[PDB]
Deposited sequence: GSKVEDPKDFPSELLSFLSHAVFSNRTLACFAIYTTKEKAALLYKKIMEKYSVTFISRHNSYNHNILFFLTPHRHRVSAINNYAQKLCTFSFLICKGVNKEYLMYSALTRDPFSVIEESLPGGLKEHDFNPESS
């Protein structure tokens, strides 16, 4: 059952990069931790629902993580509610991302890896600095 089988949070390696609670603030970078099957579908649905500036899907052992950036700000609870209502099975953790570059970067390194992303070549530290 879910209490025994499901993760209750993101992998501990990533927790310092995430917002932890109080969804009155708005943010423009989010991550979703869920099963491989759900992440594959969600990659497209999130991209479409939120007209994302960038989205990437990553392997996380037996599961997947989505990382995405939006063109304007949203409440985490809004993104969570949308994601949860799409498929009514299996776990899904949705959190805001406070440290956007460190998160995406960590998601490209062992034990994680990129499965697919919306821009060829992905992102680099330069992209998280003000435009020249």
Where the deposited sequence has no C-alpha coordinates (positions from 1, in order): 22, 134
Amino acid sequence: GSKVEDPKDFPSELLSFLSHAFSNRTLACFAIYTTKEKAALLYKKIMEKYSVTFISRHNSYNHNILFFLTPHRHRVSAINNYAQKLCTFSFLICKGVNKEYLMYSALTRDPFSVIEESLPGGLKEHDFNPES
From here on, numbers count along this sequence of modelled residues.
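We call the rigid core whatever largest set of C-alpha positions still superposes within 1.5 Å between the two forms.
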With the rigid core as the fit reference, the stretch showing the greater C-alpha departure in 5 other deposited structures of this protein, 22 to 30 or 55 to 63, is 22 to 30
In terms of RMS C-alpha distance in 5 other deposited structures of this protein following rigid core superposition, 7 to 15 and 113 to 121 differ, and the farther one is 113 to 121
99 to 107 set against 84 to 92, stretch whose average Cα temperature factor tops the other in the entry: 84 to 92
So 50 to 58 or 25 to 33, which one's hotter by mean CA B-factor in the entry? 25 to 33
If you rank the chain by CA B-factor, which third does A78 end up in: lowest, middle or highest? middle
Hey, what third does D9 fall into on Cα B-factor, ranked over its chain? lowest
